[PDB]
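Protein chains in written order, with PDB author numbering: chain r, 1030 to 1060; chain b, 724 to 901, 922 to 954; chain g, 21 to 328, 340 to 652, 660 to 810, 818 to 860, 872 to 945. For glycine and all other residues, C-beta sits at the position ideal for the given N, C-alpha and C. Reading through the structure tokens given below for one structure.
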Amino acid sequence: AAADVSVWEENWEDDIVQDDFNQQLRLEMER
Amino acid sequence: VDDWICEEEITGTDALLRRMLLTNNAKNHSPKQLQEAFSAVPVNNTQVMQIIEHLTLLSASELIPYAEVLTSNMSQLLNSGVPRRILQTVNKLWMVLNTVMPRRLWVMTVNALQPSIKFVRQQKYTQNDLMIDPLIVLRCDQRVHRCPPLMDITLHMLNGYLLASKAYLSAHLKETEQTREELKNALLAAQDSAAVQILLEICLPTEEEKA
Amino acid sequence: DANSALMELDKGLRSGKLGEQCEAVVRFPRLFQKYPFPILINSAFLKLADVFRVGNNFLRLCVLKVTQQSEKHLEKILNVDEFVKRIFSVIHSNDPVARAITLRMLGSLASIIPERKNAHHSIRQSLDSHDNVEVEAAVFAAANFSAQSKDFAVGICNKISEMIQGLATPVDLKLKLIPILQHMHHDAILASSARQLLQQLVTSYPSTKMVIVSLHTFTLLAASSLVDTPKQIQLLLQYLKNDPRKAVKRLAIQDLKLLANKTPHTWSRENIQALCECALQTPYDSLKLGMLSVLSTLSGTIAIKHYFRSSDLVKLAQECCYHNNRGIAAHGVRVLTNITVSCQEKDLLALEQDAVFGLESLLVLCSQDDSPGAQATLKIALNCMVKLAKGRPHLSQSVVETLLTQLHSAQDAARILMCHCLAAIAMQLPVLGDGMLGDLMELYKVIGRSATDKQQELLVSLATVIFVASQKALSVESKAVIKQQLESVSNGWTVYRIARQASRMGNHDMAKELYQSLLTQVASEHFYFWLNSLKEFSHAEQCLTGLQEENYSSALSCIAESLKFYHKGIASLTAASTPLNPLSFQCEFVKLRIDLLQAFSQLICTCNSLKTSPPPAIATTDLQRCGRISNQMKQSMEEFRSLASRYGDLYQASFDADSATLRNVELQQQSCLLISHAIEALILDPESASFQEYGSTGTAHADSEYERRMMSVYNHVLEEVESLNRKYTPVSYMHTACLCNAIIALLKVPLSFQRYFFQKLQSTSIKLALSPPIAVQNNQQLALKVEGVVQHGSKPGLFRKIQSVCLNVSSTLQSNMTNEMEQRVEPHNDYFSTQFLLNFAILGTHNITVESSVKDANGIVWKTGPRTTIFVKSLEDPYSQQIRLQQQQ
């Protein structure tokens, strides 16, 4: 019994959706 | 399919009752507590119910640790004066455990429903023994023949073990191959007919019931 | 191919071994996901139903599982009669398990066969069966059919009532039977009879399970019928107040929360008063938390306006916002914030500071814990602070000060959340950005020295608030950020996200530096080209930051440099485009940025073209007397109008873009239209300048600093044009001065790269399979059917939902638009189909094109789907050819 709300509604850091391009870029450039 | 179709939705009452009764986070009802309730010499069926009724809200996955408790201690339920509510709830929990781990449950249930006269010879049947001889399940305590919940348990196990014995016999023939198929078919037919005849004899009244 | 795979399964279902058949049957739903079109679905469901008819009970259960999984695709079966009849034949089996599986299948298929009388009779006959599995399946099927068809509901309500009230029914079956009554909403009298029955049940079966199921069913019935909803709320409040069982109270809370979510407008003042009194006088904290959840749901709706002094609601909210329980405190402070921002009534401004201090105390409470419940309450509090800052801007300074003071004494997760809150507040109200820069920069310095694992998110959050809070550029803060990155951060992803934020807020020098740093870290060459293109775009936007207000020569040189770097960047970006990552929006966006900059350069040149004198022959006799400059201004006006049209085309090809990106595209289009209108009204048609620039919005509520700058530039340019309307002849240097100054003003505000430029989230498409180098007779005109399915990626309707699909068909010969026709069709289960009729009277070769368009819920048309084309070879039939030849000869 709970609900989720976002503090900032145009925050680009939310991982609600993960797209392929940013996925390989992250996996390719994160250390 | 009877073990699978019982997991199908009906009207969602179980989900609602689970959501509105199990969220009190009073998880004190451990299997150990149920064991102590079952082991009380002045046994209190009311206290026993206050635990197992709470277990009907539990999912099958979270009902696993209680299986040895409500299987091993359910030879006591054959004693006179045991309420039909307790037996019905034990049958319900048995079905919910049969959904998730039927094989181990059946073995423990057969080993639990032994007649227990010369119980120093606690004949601990394994899966292999029951798959070889499915009629072991019918060599239970005589009181199971007039206990409709535990009889329902026994009938579920009997059907399952007859099917398991069909599979085991085919596997054993294939293994020992390197006719025999007719021998296997005759053996399975004799086994099923023997099971039917034993059940029909169970349906007969006893001389005591005749009196 | 679809049929090849369907045959691959079909040999599986024909094997006769149960394992292979079950394997194929459970392999079916993936096929429907691969090929959602009705031909495959129809054939698949027919063969599945045949297997159901002849198969054993486990195969039937597998088919039932598949049918339950694929309730979307069963509207596409089309051949409903044969499918259902070969399914229905198993209800006559003497096996009650087979009958139960058949009943469950019929319940699963209820949407495509309501009012099917044989199925209704089967349900009614199996309801009073003596096999419990059959009775349960009949109850499930009865629920489904009562949900679907009204006649079954009215025909079954009496029987369900007599089974529930019947003393021979066990309590468990009574529990299973009560939720059937929630589907008795089809008629007012039926709903009233069901209400009476449920009241009889709650009074006559007051067990915890029975009353819970009955009250939930009554609540759902009231929600569906929405006429008994007020007295249902009154009944639920009565049970909440009176019934001592915690479970019954908890159910009443859940049902009231459901009703508050569904029909907040129906709540009376008395209902909210009763709920508040119940929350006030209850001793248990879990129940109090539940009722406050209901009240916080209500306060966010119009029910708060209907509720309206210091009432029980405000007294409760003030008492609860200082509770020991964090959840109760969060709900109370949410109620207070909702009252403060929704009600501007001046009788309750004393709780404005109560709300502020409650939010601050909740920050202090939630910052140190770093626990998921505490994180949830912290998110609630920060959302409330953002809402309060928007609603009551005079409180923004205190909110920002509380957040800044709490930043130095909070854990990392809490720090990230308050950084998000500060970013929101500073995006909406950028005046507060200057006051928060010192604290944020200090915390950025101290975090970067020991940034190990979780501080990477903290680093990007801090850099985001630094860029957002900075109205102007950065000189020393920029040096600090670059030093903090280079000193320790080998994490390229952190640097990339911070550069993304920098380019979002227009800090393009910082973005250029970071993207330059990120090269040599990637492994793939297309990502290298993408980062290089980003670096070049950042450099290009940095090039035109040095624009003087009146120096047009410097402006021309700066635009030339920016265009050089933009061309390098677009070459790199094209090199970065790959299949299944085409970067189409990025390519079109930066191409339209390259244009409107070389268009700006041409307009700067035409500013200076006035210094090349007109001919004397034309000078001896009104706009032609200007000379070359008049035709050049006409060409510039047409070019800017075409650019605005292309920006609109990019807008309506961006159905999957977030709102901010669309607003950015709108701003670019409006800048194009502004330059075009200025040219027209100053040079080409000053007499037809239309009405004055009366801004309907006035003080528009901008969502970003870029928006504010763009609208301020637009307003200033329109004011300049209006004051210069007919004051000079079109040979004027003042018209060129105003135009060139408009160029300077538009370019001096740095470009913002929005979310869709980097992240694609929605990703909706159209398959658009259409029935077919195809020969068509001259007399017989083509019958073309187009079927399509709208596709999705993860969350379908993240920003907008498809309401209808517009299918434009056109025919071009000799592959010119000879068969225009449109059909707006509503896709039901993400699937639409329609027939088209295509005339081919003119012999030859025809290129048929079909372009799908999407009309969203609001009504805006989006050009999303593919413009797939097929070629038609239309030839005269042998009969007509021979007859005409014989007649002519």
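I'd like to know if residue i contacts chain r, where contact means its C-beta is closer than 8 Å to some C-beta of that chain.
i	result
g/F568	no
g/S234	no
g/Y475	no
g/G600	no
g/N414	yes
Using a Cβ cut-off of 8 Å (strictly closer), state whether residue i contacts chain g.
i	result
r/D1044	no
b/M818	no
b/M874	no
b/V939	no
b/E732	yes
b/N747	yes
b/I728	yes
b/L858	no
b/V830	no
For chain b, is any of its Cβ atoms less than 8 Å away from the one on residue i?
i	result
g/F78	yes
g/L195	yes
g/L201	no
g/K229	yes
g/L81	yes
Could you tell me which residues DSSP pairs with residue i in its beta bridges?
i	result
g/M877	g/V854
g/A807	g/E832
g/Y887	g/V834
g/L931	g/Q822
g/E907	g/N853
g/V917	g/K911
g/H140	In DSSP, g/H140 forms no bridge with anything.
g/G900	g/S930
g/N612	g/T609
g/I847	g/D912
g/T925	g/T905
For residue i, count the other beta carbons within 10 Å of its own beta carbon; 16 or more makes it buried, fewer makes it exposed. Which is it?
i	result
b/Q837	buried
g/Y794	buried
g/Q943	exposed
g/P226	exposed
g/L413	buried
b/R844	exposed
g/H570	buried
residue 653 of chain g	Between 652 and 660 in chain g the model has nothing, and residue 653 of chain g is one of the residues in that span.
g/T767	exposed
b/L947	exposed
g/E567	buried
At 7 Å on the CB atoms, spell out the chain B contacts of residue i, in chain order.
i	result
b/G735	In summary, chain B is missing from the structure at hand, where the protein chains are r, b and g.
Below 8 Å, can you find three or more Cβ-Cβ pairs linking the stretch 513 to 528 of chain g to the stretch 779 to 789 of chain g?
As far as the Cβ criterion goes, the stretch 513 to 528 of chain g does not touch the stretch 779 to 789 of chain g, which means the pair count is below three.
Report yes or no: do three or more beta-carbon pairs, one from the stretch 273 to 293 of chain g and one from the stretch 245 to 259 of chain g, lie closer than 8 Å?
Contact holds: three or more Cβ-Cβ distances are below 8 Å.
Mind checking the stretch 107 to 136 of chain g against chain b and listing, in chain order, the residues whose C-beta falls within less than 8 Å of any C-beta there?
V117, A120, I121, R124
Touching or not, the stretch 701 to 721 of chain g and the stretch 754 to 763 of chain g, by the rule of three or more beta carbon pairs under 8 Å?
yes
Against chain b: residues of the stretch 152 to 184 of chain g by CB proximity under 7 Å:
Against chain b - using a Cβ distance shorter than 7 Å - the residues of the stretch 152 to 184 of chain g are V153, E156, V159, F160, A163.
Say whether the stretch 724 to 739 of chain b touches the stretch 472 to 491 of chain g, bearing in mind that this needs 3 or more beta-carbon pairs closer than 8 Å, one atom from each stretch.
The stretch 724 to 739 of chain b, when compared against the stretch 472 to 491 of chain g, does not touch it at the 8 Å Cβ threshold.
Three or more C-beta pairs closer than 8 Å, one from the stretch 762 to 782 of chain b and one from the stretch 1048 to 1059 of chain r: is that the case here?
no
Residues in the stretch 775 to 791 of chain b with C-beta within 8 Å of chain g's C-beta atoms, listed in sequence order?
The residues in question: there are none.
When you check each C-beta in the stretch 356 to 371 of chain g against every C-beta of chain b, which residues fall closer than 8 Å?
none
Using a Cβ cut-off of 9 Å, which residues of the stretch 267 to 283 of chain g contact any Cβ in chain b, in chain order?
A267, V268, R270, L271, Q274
Decide if the stretch 554 to 572 of chain g is in contact with the stretch 591 to 608 of chain g; the criterion is three or more beta carbon pairs, one per stretch, under 8 Å apart.
yes
When you check each C-beta in the stretch 301 to 316 of chain g against every C-beta of chain b, which residues fall closer than 9 Å?
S306
Does the contact criterion of 3 or more C-beta pairs under 8 Å hold for the stretch 727 to 741 of chain b versus the stretch 536 to 554 of chain g?
no
When you check each C-beta in the stretch 495 to 523 of chain g against every C-beta of chain r, which residues fall closer than 7 Å?
Within the stretch 495 to 523 of chain g, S521, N522, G523 place their CB atoms closer than 7 Å to a CB of chain r, listed in sequence order.
Could you tell me whether the stretch 935 to 946 of chain b touches the stretch 21 to 31 of chain g, where touching means 3 or more Cβ pairs closer than 8 Å?
no
Are the stretch 728 to 739 of chain g and the stretch 676 to 686 of chain g touching by the rule of at least three beta carbon pairs closer than 8 Å?
no
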